[PDB]
Amino acid sequence: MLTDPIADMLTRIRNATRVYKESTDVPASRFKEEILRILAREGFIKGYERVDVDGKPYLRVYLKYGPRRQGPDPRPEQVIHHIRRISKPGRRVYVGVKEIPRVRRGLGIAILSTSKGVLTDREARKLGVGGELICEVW
Amino acid sequence: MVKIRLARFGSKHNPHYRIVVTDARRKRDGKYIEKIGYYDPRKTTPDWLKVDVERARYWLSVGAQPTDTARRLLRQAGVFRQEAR
Amino acid sequence: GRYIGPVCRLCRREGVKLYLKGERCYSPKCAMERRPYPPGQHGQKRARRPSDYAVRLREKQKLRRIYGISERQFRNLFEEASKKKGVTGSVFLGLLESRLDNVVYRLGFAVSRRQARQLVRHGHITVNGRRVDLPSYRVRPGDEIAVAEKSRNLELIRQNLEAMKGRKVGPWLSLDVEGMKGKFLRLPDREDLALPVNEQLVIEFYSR
Amino acid sequence: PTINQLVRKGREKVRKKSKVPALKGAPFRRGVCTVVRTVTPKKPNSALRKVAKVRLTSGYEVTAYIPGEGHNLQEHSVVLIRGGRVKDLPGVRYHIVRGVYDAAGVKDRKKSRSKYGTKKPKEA
Amino acid sequence: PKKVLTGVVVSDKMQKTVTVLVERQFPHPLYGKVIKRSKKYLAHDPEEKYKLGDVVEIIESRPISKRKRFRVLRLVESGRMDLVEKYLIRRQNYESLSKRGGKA
RNA sequence: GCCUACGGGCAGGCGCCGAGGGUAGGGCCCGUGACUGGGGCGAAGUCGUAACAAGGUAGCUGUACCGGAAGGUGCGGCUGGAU
RNA sequence: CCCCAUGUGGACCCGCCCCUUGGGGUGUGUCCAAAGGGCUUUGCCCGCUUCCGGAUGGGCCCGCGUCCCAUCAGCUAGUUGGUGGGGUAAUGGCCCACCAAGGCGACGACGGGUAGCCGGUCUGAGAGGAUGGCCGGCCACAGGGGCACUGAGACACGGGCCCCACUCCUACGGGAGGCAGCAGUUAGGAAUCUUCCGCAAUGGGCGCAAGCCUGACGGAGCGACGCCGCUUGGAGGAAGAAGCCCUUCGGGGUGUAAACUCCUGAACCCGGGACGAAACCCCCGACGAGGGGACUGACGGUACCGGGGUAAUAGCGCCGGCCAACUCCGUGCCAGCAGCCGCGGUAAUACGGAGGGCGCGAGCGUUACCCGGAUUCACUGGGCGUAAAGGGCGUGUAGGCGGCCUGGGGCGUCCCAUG
Ligand SMILES: [Mg+2]
Ligand SMILES: [Mg+2]
Ligand SMILES: [Mg+2]
Ligand SMILES: [Mg+2]
Ligand SMILES: [Mg+2]
Ligand SMILES: [Mg+2]
Ligand SMILES: [Mg+2]
Ligand SMILES: [Mg+2]
Ligand SMILES: [Mg+2]
Ligand SMILES: [Mg+2]
Ligand SMILES: [Mg+2]
Ligand SMILES: [Mg+2]
Ligand SMILES: [Mg+2]
Ligand SMILES: [Mg+2]
Ligand SMILES: [Mg+2]
Ligand SMILES: [Mg+2]
Ligand SMILES: [Mg+2]
Ligand SMILES: [Mg+2]
Ligand SMILES: [Mg+2]
Ligand SMILES: [Mg+2]
Ligand SMILES: [Mg+2]
Ligand SMILES: [Mg+2]
Ligand SMILES: [Mg+2]
Ligand SMILES: [Mg+2]
Ligand SMILES: [Mg+2]
Ligand SMILES: [Mg+2]
Ligand SMILES: [Mg+2]
Ligand SMILES: [Mg+2]
Ligand SMILES: [Mg+2]
Ligand SMILES: [Mg+2]
Ligand SMILES: [Mg+2]
Ligand SMILES: [Mg+2]
Ligand SMILES: [Mg+2]
Ligand SMILES: [Mg+2]
Ligand SMILES: [Mg+2]
Ligand SMILES: [Mg+2]
Ligand SMILES: [Mg+2]
Ligand SMILES: [Mg+2]
Ligand SMILES: [Mg+2]
Ligand SMILES: [Mg+2]
Ligand SMILES: [Mg+2]
Ligand SMILES: [Mg+2]
Ligand SMILES: [Mg+2]
Ligand SMILES: [Mg+2]
Ligand SMILES: [Mg+2]
Ligand SMILES: [Mg+2]
Ligand SMILES: [Mg+2]
Ligand SMILES: [Mg+2]
Ligand SMILES: [Mg+2]
Ligand SMILES: [Mg+2]
Ligand SMILES: [Mg+2]
Ligand SMILES: [Mg+2]
Ligand SMILES: [Mg+2]
Ligand SMILES: [Mg+2]
Ligand SMILES: [Mg+2]
Ligand SMILES: [Mg+2]
Ligand SMILES: [Mg+2]
Ligand SMILES: [Mg+2]
Ligand SMILES: [Mg+2]
Ligand SMILES: [Mg+2]
Ligand SMILES: [Mg+2]
Ligand SMILES: [Mg+2]
Ligand SMILES: [Mg+2]
Ligand SMILES: [Mg+2]
Ligand SMILES: [Mg+2]
Ligand SMILES: [Mg+2]
Ligand SMILES: [Mg+2]
Ligand SMILES: [Mg+2]
Ligand SMILES: [Zn+2]
C-alpha cells in the first residue's frame with residue numbers, strides 16, 4: 001500500500017522530469033503543497049496549481065527545464081538534477097541546528113520540517129531551529 | 001581533616017606545585033577538592049606564586065588546616081594580614 | 001648523524017644546483033657545470049619516465065637536501081606545518097627558514113648552510129645576546145642574530161662579511177655588517193624564497 | 001537489509017584467525033629439533049628444501065624452514081622460530097631464526113647479513 | 001527529582017503490589033530508528049486500590065522488598081485492557097518458541 | 001567452679017546457621033588414548049572414459065534399487081538441451 | 001575501668017501542632033556527661049564532656065549505557081510478595097518465623113565462554129574498530145575457603161580465630177610462616193632493572209615543640225625499550241692520482257671523494273660553581289597581624305659559567321613488478337629467493353659475490369599484535385535472473401510500517417536559560 005506520500009510526491013516529480021513532461025499531478029496534502037511552495041521559490045519548478053481530478057484534490061506540478069542543446073542528444077539540462085527523500089518512515093531523521101547540512105556546497109537545498117515551518121536549510125539556520133530532514137535537492 | 005597543601009606537577013628536576021584543598025588522606029597528587037593557585041619554587045617567571053585570597057580565606061574559615069610550606073606561601077600573598085588601627 | 005659525505009653529487013641526482021657547497025658551487029667547478037648527469041655507472045644512460053612516486057619523492061629530497069636536515073626533523077616540521085592555520089605549503093618553508101643554522105647562512109655569516117651549522121654548534125653565535133648552538137633552534141621575529149664577541153676575528157667571519165659589501169640580504173631580514181649583527185624581521189612570504197621546488201609536490205608525497 | 005532488520009539482527013563483525021597459532025601470541029618460541037630433513041617443493045618448483053621439525057615450549061610440534069645457503073641443524077638442536085610461511089612447502093608456517101641458540105649464522109654471507117645472523121667481517 | 005515513570009498494571013496476583021509495564025522510546029544508537037523497548041516495575045500498592053488495566057504513575061521510593069523500589073504514584077487513566085492483552089499474548093507465544101516440542 | 005554491692009557478670013555446657021569432609025547417585029568441561037571414517041592434498045604412473053562437441057546413450061536434479069568405486073537403470077522434474 | 005550528683009542539652013515511650021515515608025516543634029515521665037597534664041603559675045597553653053551547624057570522607061537505593069554463542073530456551077522455591085520479629089549507622093528476603101503463589105524470559109531469562117570499568121590512548125576523512133601498564137578516578141583481592149573481634153571507620157596485605165594445600169623447626173605431644181610493599185632469589189619465558197642514595201624537597205603518622213618514623217616520595221644506577229636533541233667536522237681542492245668496477249678498449253664510474261692546504265674545536269684538561277630552601281623554631285610584638293634572627297641539599301662538585309684544547313664512532317635494509325635504485329661474475333629447476341604474482345632447466349636487472357645506486361641514519365631490519373587500506377558486515381556505505389544470495393507455497397501471532405481535513409495534548413522532535 002502507499003506508505004510514504006512525500007516519497008511518492010518527490011518520485012512523481014523525478015520520473016516526470018526524466019521524460020520531460022511539461023507537468024504532473026500529485027494527490028494533494030497541506031504538507032506536500034508546502035514542500036512544493038518551497039520548490040517554487042527556489043526555482044526548481046515553475047510553480048504548482050491546485051486542481052481537481054474526478055472531484056479529487058490534486059496538485060499540478062509544472063516542471064522546469066534547461067534550454068535545448070546541440071550535439072547528438074538535445075534533451076535539456078535538468079533543473080531538478082537530483083531529488084531525494086531523507087527521513088523516511090521506518091527511519092526518521094531529526095537534525096539539531098548545528099547539524100543541518102549543506103547541500104552541494106550551497107548550491108542545493110535541504111528541506112526541513114520544523115516547529116516553525118517547512119524551511120530550507122538556510123531559512124531554518126537563520127531562524128535558529130532544526131527538525132525533520134525531509135529531502136535534499138539540486 | 002581538610003588540608004591546604006602542595007601537589008607536585010613538574011617534571012624531574014622541574015618541580016611545579018599547585019596549592020589545593022583536599023582530604024588529609026589522599027595521594028599527594030590525587031583528586032583534590034579545589035585548586036587555589038600555583039607555586040613555582042625555582043621562580044623561572046616573574047609570577048611564581050598566585051593564590052586567590054578570598055577562596056583560601058573561605059577554606060580556612062571552615063578549618064582547612066594548611067601544611068607548613070603552604071601557610072608560608074599563603075601568608076606571603078597575605079591571606080592572613082589585617083589592617084590599620 | 002646529519003649527512004656528511006660527498007655532496008656535489010646530490011647537486012647531480014636532483015639535476016639542479018643545490019648550493020650545498022659554497023664558494024665553488026658558484027665557480028666553474030660545481031660538477032653540474034661539468035657532468036650534469038646523476039652519479040653512478042648508469043647516469044650516462046637515457047632515463048626512464050618517472051613514476052608519480054618518483055617525482056613526488058625526488059621533489060621532496062631536492063627540498064630537504066637543500067636545507068641540511070634529517071628526514072625525521074623534516075617530516076616533523078611538515079607535520080607541524082599542517083597543524084598550522086595557513087597554507088601549509090608556504091607555512092612549511094617559513095618554518096624551515098626559521099632554523100638558526102639557516103638564518104645564519106641567509107644572514108651571510110657562513111659561506112654555506114653546512115658551514116653555518118658548525119658556526120652555530122661550535123658556539124660562534126649570539127641569539128639576543130646569549131649563546132645558542134642548536135642548529136634547530138627556532139628564530140622568531142624580533143630576534144637578533146649576532147656573531148660571538150669572541151669569534152669576531154675569524155678569517156671566514158671577516159672574509160664573508162666582506163662579500164656582504166656587494167650582496168644585499170633577504171627582504172625579511174636586516175644586516176648590521178660592521179656591528180656583525182642581523183635581525184629577523186618577519187617570516188619570509190612564499191614570494192621571497194625563490195627555491196627550485198614545487199612545494200605542492202612535497203605535500204602530495206606526504207598524503208600517501 | 002531493511003533498517004528494522006539491522007535493529008533486529010545487527011551486523012556480524014569479522015573474526016580474524018591466527019596464521020601463527022603455535023607461538024601463543026609471542027613473536028618467537030624456542031624448541032628442540034626432532035626431524036631435520038629435506039623436503040620436495042610444490043607446484044611448478046623443483047629442489048630439495050631444508051626443513052626442521054621442532055618441539056615447542058608451547059607444546060606444539062611444528063615444522064620450520066631453515067633459511068640460508070647451508071646449515072648445521074640436528075636431532076637435538078635448540079633453535080628459535082618466527083612467523084613467515086613458505087609458499088612452496090605447505091604446512092610450514094614458521095621460519096628458524098639464524099644465529100640464536102644452536103643455529104649458526106650462514107658462513108661466508110656478506111649481503112643481507114642481519115637476516116641470517118652473520119656478523120660484519122673485517123678487512124672486507 | 002525522584003524518578004517518575006508511566007505504565008500499566010499487568011499483575012494483581014501479588015500481595016500489596018502491582019507489576020507496572022513501562023514503555024520508553026529512543027533512537028537506536030547506531031541505526032537511528034526509534035525503538036520501543038520496555039521494562040517491568042514492582043510497585044507498592046498499600047491499599048489494593050490499583051486494578052489491572054490501570055495506567056499509573058509510579059515514583060522512585062525507599063526500598064520495599066527485594067524488587068519493590070517504587071511506590072504507585074497516582075492514577076493516569078483506568079481501564080485499558082488492550083495493553084494488557086498485548087502483554088499476555090506476547091507471553092503466551094513464549095510457550096511456543098521452544099524445542100521440547102509442539103502440537104497441531 | 002570464680003567475682004558481687006545479691007541487681008547481675010565471668011568461665012563452662014547445649015543448640016541453629018556453617019567452611020570442609022563422608023556415602024550414593026546424576027549432569028558438565030579439559031589431559032591422554034587402543035581401534036577407526038573419509039578428506040584434502042602431493043611426484044607421474046595403473047584400469048576405465050562419466051562430464052565438456054548431440055562428448056558419441058542430450059545433460060542436470062530429488063528419490064529409489066544395483067555397484068567397492070566411476071557410474072547404470074526405474075519414476076518424476078528442469079533447459080542451464082544440439083539440428 | 002566503675003557508681004552518685006548538676007544537665008545547657010540530648011535520647012525513649014505517650015499526647016498535641018505544623019510537615020508529609022522515620023522531617024521540625026512542643027508538653028509530663030524517664031534516662032545520659034566529663035580527666036587530667038604543662039608553664040614564662042590569682043591565668044595562659046594542650047587535652048576532657050553533652051549538644052547545634054559547617055567541612056570532608058563514606059553506606060544504601062533508582063533511571064540510562066555496559067562483550068561473544070540460541071549447535072544454551074525455558075529459569076526460579078528464600079524463589080516472588082505479605083505480616084510480624086532479629087540485625088544494622090540506615091533501607092531491604094539481608095536474616096528468621098508464619099501466610100499467600102508468585103518472580104523472570106525471544107526487548108534473549110537461564111547456561112557456556114571471555115573480561116576489572118572509566119578519564120583516555122592507538123587508528124580512521126569521518127562513523128567505526130581496537131585498547132585500558134605507566135598518570136588520575138572507582139572496584140576487587142593480599143597462599144585457597146570460612147569467620148567475627150577492636151573501633152569513627154575493617155570483616156583489616158606487613159592484626160586475630162578455624163579448615164585445607166605448601167615449606168621449615170621438632171624430643172613426634174606440637175609449633176612457625178605468607179614480597180600481588182622496595183631491592184633481590186628462583187622457576188616459567190621471546191622478554192623486563194640496583195639486595196643503590198637521601199628524608200634536602202612535597203606529602204603522610206605521632207608530638208606543645210625539639211624530633212621520631214616514612215622502600216609514600218625526591219634522586220642516582222642498569223637496558224638505544226620509546227621520543228627528542230647533539231656529534232663523527234667546515235671551506236678550498238683535477239677535465240678528475242691509486243686501487244676496485246664497467247667498457248664497443250676510444251673511454252666511462254666511484255669522485256671533490258681521497259690526498260694536500262687553511263679554518264673550527266666533541267672528547268678531554270684547569271679554575272669558578274648553582275637554583276631547588278624557608279618555613280617549622282627562636283626573639284620583638286599580644287599567643288594575632290606584622291617585623292628581626294638562626295638551622296637545614298640526597299641530587300652534587302652535578303647543571304651552568306670562564307680559560308685551555310684534540311679532526312675526532314657508521315651502520316642496516318633494499319635495487320623483477322607494487323616501489324626509490326643496474327651492471328659484471330659464479331651458478332644451471334642445483335644451491336637458493338619468495339609478503340603476492342613469481343624467479344633459477346647456460347646470456348638470471350629476482351639465487352650468491354662484487355662494483356654502482358636508493359632509502360633511512362645510532363640506528364636499521366625482522367617477527368608478533370591493533371587500526372588502515374577492506375563501501376570485504378556496507379549507520380555513514382553493499383548486495384541476491386545467470387556471479388554467493390528470495391523461504392517450495394500459503395495462512396496468519398508478536399513486532400515493524402501506514403491515506404485526506406480540523407482541533408486538543410505536547411511523549412518523540414526542535415529552541416533558549418541553567419546545573
Ligand atoms: Mg540531539
Ligand atoms: Mg640528571
Ligand atoms: Mg579516602
Ligand atoms: Mg591515511
Ligand atoms: Mg591484515
Ligand atoms: Mg557441603
Ligand atoms: Mg564420455
Ligand atoms: Mg553422453
Ligand atoms: Mg558409454
Ligand atoms: Mg543395472
Ligand atoms: Mg529421465
Ligand atoms: Mg518528634
Ligand atoms: Mg547520672
Ligand atoms: Mg578521678
Ligand atoms: Mg517458605
Ligand atoms: Mg520486615
Ligand atoms: Mg581475568
Ligand atoms: Mg575508513
Ligand atoms: Mg574515536
Ligand atoms: Mg573495553
Ligand atoms: Mg596507578
Ligand atoms: Mg590505573
Ligand atoms: Mg604468592
Ligand atoms: Mg582470604
Ligand atoms: Mg594492617
Ligand atoms: Mg577487604
Ligand atoms: Mg607482605
Ligand atoms: Mg618485588
Ligand atoms: Mg629459563
Ligand atoms: Mg614533613
Ligand atoms: Mg621514584
Ligand atoms: Mg639514551
Ligand atoms: Mg636491539
Ligand atoms: Mg635521533
Ligand atoms: Mg679512469
Ligand atoms: Mg671536504
Ligand atoms: Mg686552536
Ligand atoms: Mg640551596
Ligand atoms: Mg632563595
Ligand atoms: Mg621570617
Ligand atoms: Mg626540620
Ligand atoms: Mg612576647
Ligand atoms: Mg671542575
Ligand atoms: Mg669551552
Ligand atoms: Mg678557545
Ligand atoms: Mg677523520
Ligand atoms: Mg615503499
Ligand atoms: Mg623502479
Ligand atoms: Mg635477498
Ligand atoms: Mg627482490
Ligand atoms: Mg643479485
Ligand atoms: Mg658498494
Ligand atoms: Mg653505499
Ligand atoms: Mg570497514
Ligand atoms: Mg544500508
Ligand atoms: Mg557485493
Ligand atoms: Mg552455476
Ligand atoms: Mg546463484
Ligand atoms: Mg519463490
Ligand atoms: Mg533454495
Ligand atoms: Mg498486526
Ligand atoms: Mg502505528
Ligand atoms: Mg499517519
Ligand atoms: Mg493532524
Ligand atoms: Mg495540534
Ligand atoms: Mg509545550
Ligand atoms: Mg516534548
Ligand atoms: Mg529532542
Ligand atoms: Zn655544488
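Computed from the coordinates by the stated procedures, all read-outs in this text should not be read as laboratory data. Reconstructed Cβ throughout: ideal geometry from the backbone, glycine too, with neighbour counts over all protein chains shown.
Coupling constants for segment C:42-54 follow from the phi torsions by the Karplus curve (6.51 cos²θ - 1.76 cosθ + 1.60, θ = phi - 60°), and in residue order they are 9, x, 7, 5, 4, 6, 8, 5, x, 6, 3, 4, 3 Hz; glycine and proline get x.
In degrees from 0 to 90, rounded to the nearest 10, what is the angle of the helix E:81-92 Cα long axis to the longest principal axis of chain E? Compared with the principal axis, the helix lies near 50 degrees. Sorting A:102-115, B:72-85, C:147-160 by their mean Cβ neighbour count within 10 Å, with the most densely packed peptide first, gives A:102-115, C:147-160, B:72-85.
Would you mind getting me the FRET efficiency between D:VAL78 and D:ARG37? Use the beta-carbon distance for r and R0 = 30 Å, nearest 0.05. In this case the efficiency is close to 0.95. Magnitude of the charge dipole for chain A, about its Cα centre and with charges confined to Cβ atoms of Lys, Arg (+1) and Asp, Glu (-1), is about 420 debye.
Adding -39500 (n - 2.57) for every DSSP H run of four residues or longer, then dividing by how many residues the protein assembly as shown holds, sets the calculated 222 nm ellipticity at -6000 deg cm²/dmol. Ordering A:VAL118, C:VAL139 by the number of other Cβ atoms within 10 Å of each residue's own Cβ, fewest first, gives A:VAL118, C:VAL139.
Given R0 = 56 Å, the distance between the Cβ atoms of E:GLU57 and B:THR45 translates into a calculated FRET efficiency of 0.40.
Under 5 Å between amide hydrogens, built in the peptide plane, is the criterion, and for B:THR22 it picks out B:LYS3, B:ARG5, B:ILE33 among residues at least 5 positions away or on other chains. Per residue of A:91-97, other chain Cβ atoms within 10 Å of the residue Cβ number 3 on average.
The mean number of partner chain beta-carbon atoms within 10 angstrom of a residue's beta-carbon across peptide D:7-17 is 1.
Within a 10 angstrom radius of the beta carbon, how do A:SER23, C:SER112 rank from fewest other beta carbons to most?
A:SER23, C:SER112
What Kirkwood hydrodynamic radius, in Å, does the protein assembly as shown give when the mean of 1/r is taken over all pairs of distinct Cα atoms and then inverted?
Evaluated on the protein assembly as shown, it is 37.0 Å.
Based on Cα contacts under 8 Å between residues 6+ apart, chain E shows a relative contact order of 25 percent. Summarising the amide proton neighbourhood of C:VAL147: residues at separation of 5 or more, or on other chains, whose placed amide H is nearer than 5 Å comprise C:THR126. Per-residue shielding of E:24-32, expressed as the average number of other chain Cβ atoms within 10 Å of the residue Cβ, stands at 3. When all alpha carbon pairs of segment A:3-80 are counted in 5 Å bins from zero, the resulting P(r) reads 3, 15, 26, 25, 15, 8, 5, 3, 1 %. Highest-first packing order for the peptide set D:75-86, A:55-66 is D:75-86, A:55-66, based on the mean count of other beta carbon atoms within 10 Å.
Counting only Cβ charges, +1 for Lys and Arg and -1 for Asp and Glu, the dipole size of chain D around its Cα centre is about 680 debye.
With the Cα gyration tensor of chain E giving a ≥ b ≥ c as the square roots of its eigenvalues, does the rule (a/c under 1.5 for rounded; else a/b larger than b/c for prolate; else oblate) give rounded, prolate or oblate? Taking the square roots of the gyration eigenvalues as a ≥ b ≥ c, chain E is oblate.
Between C:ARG9 and B:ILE33, the distance separating the two model label sites (each 7 Å from Cα on the Cα→Cβ line) works out to 7.0 nm. Taking label points 7 Å from Cα along the Cα-to-Cβ direction, C:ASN128 and A:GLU49 give a separation of 7.8 nm. The residues A:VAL19, C:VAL202, C:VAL169, when put in order of fewest to most other Cβ atoms within 10 Å, stand as A:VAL19, C:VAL169, C:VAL202.
How large is the charge dipole for chain C, taken about the Cα centre, if only the Cβ atoms of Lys, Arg (+1) and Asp, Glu (-1) carry charge, to the nearest 20 debye? Walk me through the numbers before you get to the answer.
On the way: 46 positive and 23 negative charges, 187 e Å.
About 900 debye.
With a ≥ b ≥ c the root eigenvalues of the C-alpha gyration tensor of chain B, is it rounded (a/c under 1.5), prolate (a/b larger than b/c) or oblate? It is oblate, given that a/c is not under 1.5 and a/b is not larger than b/c. For chain D, the fraction of C-alpha pairs more than 19 angstrom apart is 56%.
Protection proxy ranking of D:101-113, E:78-90, by the mean of other Cβ atoms within 10 Å over each peptide's residues and highest first, is D:101-113, E:78-90. Across chain D, the mean sequence separation of Cα contacts (distance under 8 Å, 6 or more residues apart), normalised by length, yields a relative contact order of 20 percent. For chain C, relative contact order (Cα pairs under 8 Å, six or more residues apart, normalised by length) works out to 19 percent. Shape call for chain A from the C-alpha gyration tensor, a ≥ b ≥ c root eigenvalues: rounded (a/c under 1.5), prolate (a/b greater than b/c) or oblate? Here chain A falls in the oblate category. Equivalent ellipsoid of chain C: semi-axes from √(5λ) of the C-alpha gyration tensor, largest first, are 30, 22, 14 Å.
Label-to-label distance for D:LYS120 and C:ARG2 is 2.3 nm, based on points extended 7 Å past Cα in the beta-carbon direction.
Could you work out how far the C-alpha centroid of segment E:24-91 sits from that of segment D:14-28, in angstrom? Cα centroid of segment E:24-91 versus Cα centroid of segment D:14-28: 50 Å apart.
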